[PDB]
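just dropping in an experimental structure and the matching sequence.
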Amino acid sequence: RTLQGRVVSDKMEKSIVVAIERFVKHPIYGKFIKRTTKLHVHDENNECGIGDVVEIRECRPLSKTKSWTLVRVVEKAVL
Amino acid sequence: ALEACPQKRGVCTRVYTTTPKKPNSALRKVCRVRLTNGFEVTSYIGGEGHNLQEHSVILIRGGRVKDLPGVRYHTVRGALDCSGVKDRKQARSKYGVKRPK
Amino acid sequence: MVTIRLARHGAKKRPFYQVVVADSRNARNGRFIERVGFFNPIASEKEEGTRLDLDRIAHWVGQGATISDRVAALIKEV
Amino acid sequence: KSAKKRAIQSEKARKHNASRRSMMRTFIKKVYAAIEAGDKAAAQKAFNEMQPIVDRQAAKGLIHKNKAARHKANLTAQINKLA
RNA sequence: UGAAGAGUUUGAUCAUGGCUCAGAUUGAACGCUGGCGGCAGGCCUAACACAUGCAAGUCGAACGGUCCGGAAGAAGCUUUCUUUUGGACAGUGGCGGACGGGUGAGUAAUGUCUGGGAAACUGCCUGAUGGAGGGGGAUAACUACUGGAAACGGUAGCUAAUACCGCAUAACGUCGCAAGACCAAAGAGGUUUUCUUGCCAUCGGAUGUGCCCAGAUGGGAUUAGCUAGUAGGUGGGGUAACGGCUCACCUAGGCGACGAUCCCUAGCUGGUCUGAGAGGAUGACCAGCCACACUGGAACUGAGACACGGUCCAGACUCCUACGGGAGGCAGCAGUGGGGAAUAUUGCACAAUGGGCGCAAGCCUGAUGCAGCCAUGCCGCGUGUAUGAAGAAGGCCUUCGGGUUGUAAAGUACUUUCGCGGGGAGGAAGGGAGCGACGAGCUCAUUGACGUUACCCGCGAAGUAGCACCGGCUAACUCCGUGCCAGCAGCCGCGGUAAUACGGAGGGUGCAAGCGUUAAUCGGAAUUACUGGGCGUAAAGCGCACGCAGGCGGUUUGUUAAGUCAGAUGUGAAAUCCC
């Protein structure tokens, strides 16, 4: 699965957290609601930095919290 | 009724008499009953005569007496120690009174 | 073990068995895999006593599906 | 039949596999010890007495497949190192 | 094709607002009233305590004895005794008990519901490939002796297997490097040189599962900051397998108003009922899943139970006892007692269907198939049905003229109950035997209800009946008695000499054992209103400014297109909702 998000942190090594956001309708009201999720993607080449909106795909669970890996960087920077 | 049960037993504490409200005047027979529910409420005693003592132990139905403010329950005559009315020619379905031969 | 037996729709004055291929574990009248035909002991409802549909069962037969003793008789009758 | 027969065998059964793994961790350590010391000959020779025994335990319900192959890989991985 | 509420706050009116009434359902009942027949259904209260019986065995084509039965011998007869053989009990050996059946306490959690993913497994069964050479060892039964009241136990001696172990062949498989070395396996039975049953190793199929993930899953913040393995990394340990799951070291984070944590409640779901729909409530019968069997905890053996008739430890109870020491626990079936308003035969039986084991024969199976008790409910008949005199009696009502009940209120016949006699169903045929290789197939026979109900045919007597209510809502009237007197009442009220609401009587309505009554669930309420609403005076705008997050936001172009929309496909748990 390909997910789009932002790099809200690049503190850890080879591990970058991507804040993916989506828009879904309320099961009752129906009005759109904003919901995000943090995913620890792998980045061995430490290429992606904070503010980078990259793509995320499902890969072999590098760890318990990391089951995704960096694919391609959409833009350059948007802190 | 607490458990929302149709009927509830209880041991009488005292079989005294009470007087109606402003629009009426009489000696209505009542009795404080300690239902197994854990509550001590007062119930009215239908009929022209009963045989309830201190250790009566009678099943409660549930009915408010417009005359006696508080008596929100009625006694079910014909069950337990509560002997049904005697010579009851009419209301036998109530008060519990077997049809004479 | 996938077996091919009869599914009794059995009702007060209404005996009808459904030769179906289902797992041996499942109940006699439980969820079946696929029906291959039917059986009417009295054959009163319809003139067509049974409809084995050979080609159908011919597939399960060899796939690992075993037929009971009773059903085998009806099946053999084709 | 005798529900006790299956009880005594199970107990004595564990008593067997218990001794088998003993020889395992006993010689496996011997090989590692030899390798650590540097003795090549005595080591490998002691390694050829741990490989079979662990494989034989796999023949029965002693060590089984997986866990058996594991020990073989680890042992041979600890001998080619310190050596 | 889908939507009509009413009563009660005023002296009167409108508005607001709460309560209340008839509806459907519930593994019930009490009060008084009983005939029958089909179908269906039964402790919803103490997981309270339990007498008694039952709830898993089956194999001699595994092996020695005992019990039961048959046949043939040594004998003139008897005693005694020998051989062969059938079944099975005791023992030894194999398989099964984690399937089925019961209950719902506990449980908010991927436990469940819905769709996916993979770091997996799967006895028996099915398809395909290959193989089964030689050898060694052990413990019972049995025999002898001893201890104990018993349970039961100690010692000595003999002995076999598809019981255990060592070596080869390698179809293969495993491991390092990279593109090398190592490791398997028990027969038996016969229509015995031909098959049958079974085994060893590998791949696949079938089926059943372990684990992970997105979304969804009640009430309260008068429950808010919480957390130390607690969050992440490396290595190791551990498991069938991922994972701090566990350990060492390092880093120091992780989570929270999209409300964690804590507390309360409840098996969940599919569904059930209700409603125009939405939605609400519920989830009892049946089906799936989960959890639990004296209370609590834990582990082993195994494909699978952490396992009711398996085991270990702690605690309480009951029973047995020469008190030394043992035997159990029906929230399994029936049943007992207690409790309660209250819910049943400690009945009959296996042929059918289905299930376990066996090649088969056959055995086991209160799973189940039926009967009994109780109108608890529903369907064709509670107090009657049909017939019947311009109607002389009795009960009922009455303006006292009359009218009504009109088998007569008598009888008679009945739908035709009940009861008796006969036949006797499956809405299912085999087991066995004959033909065929006791295989397929074909043929035939026995056995009927469940160790006799239903239904059919015949005979045949009319063969009970009561309660509630009659002011209004509630359909159904006056006289008499009493007299704010006694009493009635869900609400509005009624009764002080004409009271249809008091007690009685005549009459009438309802029920046609139901109807009333009591209790419980849903909507009407557009009274939280998303569809359906309001805030000057009726309940209701923050005192103001400003400002964070958030919501909303002018115009033009391009890329992406995540949301959104469309086609196809997979799943759409099953069941149901809807038709």
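Nice, I can see it. Numbers count the residues shown, from 1 in each chain, chains lettered A, B, ... in the order given.

for residue D:37, which residues are in contact?
Residue D:37 sits next to residue D:43 when contact means C-beta atoms under 8 Å, 6 or more residues apart in numbering or on different chains. C-beta here means a position set from N, CA and C on the backbone, and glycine is covered the same way.

hmm, who's touching stretch B:2-18?
For stretch B:2-18, the external contacting residues (C-beta under 8 Å, 6+ apart) are B:1, B:27-40, B:45, B:52-61, B:68, B:71, B:76, B:80.

list the buried residues for it?
Of the residues in stretch B:2-18, those buried by neighbour count under the rule 16 or more other C-beta atoms under 10 Å in any protein chain shown are B:8-12, B:15, B:18.

repeat that for stretch A:56-75.
Buried-residue list, stretch A:56-75, by 16+ other C-beta under 10 Å: A:56, A:62, A:66, A:68, A:70.

and that stretch, end to end?
14 Å (C-alpha to C-alpha, to the nearest Å).

hmm, back to that, farthest-separated two in the buried residues of stretch B:2-18?
Among those, the pair separated by the greatest distance (C-beta to C-beta) is B:9 and B:18, at 22.3 Å.

would you say residue B:96 is within a helix?
No - read with DSSP: H, G, I helix; E, B strand; the rest coil, residue B:96 is coil and lies in no helix.

what is the neighbour count of the spatially closest residue to it that is not a sequence neighbour?
Excluding the flanking residues, the one nearest residue B:96 by C-beta to C-beta, 6 or more residues apart in numbering or on different chains is residue B:78, at 1.6 Å. Residue B:78: 17 surrounding residues under other C-beta atoms under 10 Å in any protein chain shown.

just checking, residue B:78 touches residue B:88?
No - judged on C-beta atoms under 8 Å, residue B:78 makes no contact with residue B:88 at a distance of 10.0 Å.

what do these two both touch?
B:95, B:97.

look up phi and psi at the residue nearest the centre of chain A.
Centroid check for chain A by C-alpha atoms, centre = their mean gives residue A:18 as the closest residue, at 2.7 Å. The phi/psi pair for residue A:18 (degrees, to the nearest 10) reads phi -110, psi 120.

just the contacts of stretch B:2-18: which are in strands?
B:28-35, B:40 (DSSP state E).

ok, back up a step: would you mind measuring from the residue nearest to residue B:96 to RNA strand E?
Here residue B:78 is placed at a distance of 3 Å from RNA strand E (C-beta to the nearest atom of the strand, to the nearest Å).

run a quick neighbour tally on residue C:8.
Residues lying near residue C:8 (other C-beta under 10 Å) number 14.

can you check residue A:55 too?
That count, for residue A:55 with other C-beta under 10 Å as the rule, works out to 15.

could you grab the helix/strand/coil label for it?
strand.

which residues does it form a beta bridge with?
Beta-bridge partners recorded for residue A:55 (DSSP bridges): residue A:4.

what kind of secondary structure is residue C:70 in?
Three-state call for residue C:70 (three-state DSSP): helix.

residues in a beta bridge with the nearest residue to it once chain neighbours are set aside, which ones?
The shortest distance from residue C:70 to any non-neighbouring residue, by C-beta to C-beta, 6+ apart, is to residue C:6 (6.6 Å). Note on residue C:6: beta-bridge partners residue C:19, judged by DSSP bridges.

swap in residue C:66?
Residue C:66 has these beta-bridge partners by DSSP bridges: residue C:3.

ok, it to RNA strand E distance?
6 Å.

now residue A:49
Noted for residue A:49: a distance of 17 Å to RNA strand E, by C-beta to the nearest atom of the strand.

that older thread, and the residue nearest to the centre of chain A, what is it in contact with?
Counting by C-beta under 8 Å, 6+ apart, residue A:18 has contacts A:3, A:5-8, A:38-39, A:41, A:54, A:56, A:68.

residues of chain C that sit close to RNA strand E?
Taking C-beta under 7 Å from any atom of the strand as the measure of proximity, chain C contacts RNA strand E at C:1-2, C:5-6, C:8, C:10, C:12-15, C:23-28, C:30-31, C:33, C:41-42, C:62-64, C:66, C:68, C:70, C:72-73, C:76-77.

mind checking which of these land in helices?
C:70, C:72-73, C:76-77 (DSSP state H).

will you turn these into JSON lines that also has neighbour count?
Shown next, in JSON lines, are those (neighbours: other C-beta atoms under 10 Å in any protein chain shown):
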{"residue": "C:70", "neighbour count": "13"}
{"residue": "C:72", "neighbour count": "13"}
{"residue": "C:73", "neighbour count": "10"}
{"residue": "C:76", "neighbour count": "9"}
{"residue": "C:77", "neighbour count": "10"}
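
tell me which element the nearest residue to residue D:58 once chain neighbours are set aside falls in.
Excluding the flanking residues, the one nearest residue D:58 by C-beta to C-beta, 6+ apart is residue D:68, at 3.8 Å. Using DSSP states H and E, residue D:68 sits within helix D:65-82.

how about residues contacting that helix?
So helix D:65-82 is contacted by D:24, D:28, D:31-32, D:35-36, D:43-44, D:47, D:50-51, D:54-55, D:57-58, D:63 (C-beta under 8 Å, 6+ apart).
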